[PDB]
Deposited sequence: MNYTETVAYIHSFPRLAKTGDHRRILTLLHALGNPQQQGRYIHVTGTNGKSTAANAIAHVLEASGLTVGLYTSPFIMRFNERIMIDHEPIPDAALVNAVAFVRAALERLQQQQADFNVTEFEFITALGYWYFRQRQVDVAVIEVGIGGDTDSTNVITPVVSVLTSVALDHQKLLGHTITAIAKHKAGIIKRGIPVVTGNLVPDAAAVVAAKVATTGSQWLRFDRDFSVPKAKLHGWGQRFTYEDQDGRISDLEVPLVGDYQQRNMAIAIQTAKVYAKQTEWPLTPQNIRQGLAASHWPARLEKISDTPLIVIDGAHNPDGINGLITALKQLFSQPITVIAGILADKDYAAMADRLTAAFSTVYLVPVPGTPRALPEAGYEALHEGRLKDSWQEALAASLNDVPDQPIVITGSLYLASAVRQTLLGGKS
């Protein structure tokens, strides 16, 4: 298969029944030489903040001199972006060969037990572990698909575990209460392995405390063991101070606006430090500083254009958006145009001057109106050229706009 047929092949996998075990992925991983048992890993999960922390952890460790593998849910919708090494998406040619290798193994298996198969995420996940082990990265930062305990990635013993936060976003698949969802996340907490978490809501905190009591895991929690005593807007991003048991790292600078992000940055820092300490690896404040300064955040209050001033954001859920409104008030003091394509609609119309509501690209249109972000964009630029435009609402839109306007 060529690159295109390869990606199509990955998306053709069946929606196999959910189960508590990892037998399917394990059977495939076994046929791949169990690459998940080798090397080092940092396991990350959380309702929100998961990808932000994981990305930051990677940049920090990369700046310290390590080759870091990263398995994530990208905002840019190109498949290759899910598996990276030192933030470089897996090359098309390498994906084609990797897919071929895993397929051959898959076909040998089906030759043994005719009914054998895996889901798409299990296939991709097994392939990711294999890839990282093949390239022999120093460590692979792994983001749980969703939940944790029964997630396809949950087949490793990491150096550190990370639980950013617990919320009801994915309640449909993980549970009706914070406790039930929390029990899924706590599943990535392992015996003797440290766990770094944000300042979890009571029920989530109670579930973690009981879990670490059984695992014996050292528990470092945001706003208890480490925190951010200072944080303020600084140009298109912010300057903040990190503090923990060892002291402070003053005025770090990351190009990521959004008061909520300092919590994910601190989590990342603390996690990187735990990793280094657990592996006798050097990590300096200069390394931390360098990693955050060079970090990149596609679709997060990203100013993809200065003149005209265009901003793209992935704010989708009612919480990620209300937070966005808060960020825009800090960044802009002038009238702006907001183009929104959602899957929160009154919090925008009531917050900003001009607001266009368009459909989300590549999605059914169910039952301020424009037939597309492009029409909304052209109308605003034609009516008021000097007026900044913020495009948000979903994720498919963000990458649609980003891809169209960036290449």
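Extract from the deposited sequence all ranges with no corresponding C-alpha coordinates, numbering residues from 1.
In the chain as deposited, 344-350, 375-385, 426-428 carry no coordinates.
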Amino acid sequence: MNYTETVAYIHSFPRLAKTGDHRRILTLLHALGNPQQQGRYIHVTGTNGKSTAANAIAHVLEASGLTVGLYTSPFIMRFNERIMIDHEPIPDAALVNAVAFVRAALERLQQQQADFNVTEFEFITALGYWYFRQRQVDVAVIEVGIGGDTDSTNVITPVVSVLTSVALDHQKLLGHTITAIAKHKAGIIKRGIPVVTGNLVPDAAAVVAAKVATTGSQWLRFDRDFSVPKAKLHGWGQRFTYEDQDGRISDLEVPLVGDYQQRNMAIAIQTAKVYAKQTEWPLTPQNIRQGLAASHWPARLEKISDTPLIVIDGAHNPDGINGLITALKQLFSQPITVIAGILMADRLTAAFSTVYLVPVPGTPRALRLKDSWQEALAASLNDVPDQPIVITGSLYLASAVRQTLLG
From here on, numbers count along this sequence of modelled residues.
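Averaging CA B factors per stretch from the PDB record, which one is higher: 209-217 or 320-328?
The stretch with the larger average C-alpha B-factor is 320-328.
Higher average CA B factor in the deposited record is what I'm after, so tell me if that's 353-361 or 377-385.
Per the deposited B-factors, the answer is 353-361.
Looking at 204, 76, 139, 267, which has the highest CA B-factor as recorded?
Largest recorded C-alpha B-factor: 76.
Highest CA temperature factor in the entry: which of 147, 285, 158, 335?
Reading the PDB entry, the winner on C-alpha B-factor is 335.
Using the temperature factors of the C-alpha atoms in this entry, rank residue 40 within its chain: lowest, middle or highest third.
Middle third of the chain for residue 40's C-alpha B-factor.
Could you tell me which third, lowest, middle or highest, the C-alpha B-factor of residue 47 occupies within its chain?
As the PDB entry reports it, the C-alpha B-factor of residue 47 lands in the middle third of its chain.
Going by the CA temperature factor in the PDB record, which third of the chain does residue 86 belong to: lowest, middle or highest?
Ranked within chain, residue 86 CA B lands in the lowest tercile.
Once the chain's modelled residues are ordered by C-alpha B factor and cut into thirds, is residue 261 in the lowest, middle or highest one?
Highest third, going by the recorded CA B-factors of the chain.
Can you tell me which third, lowest, middle or highest, the CA B-factor of residue 339 falls into for its chain?
It falls in the middle third of the chain.
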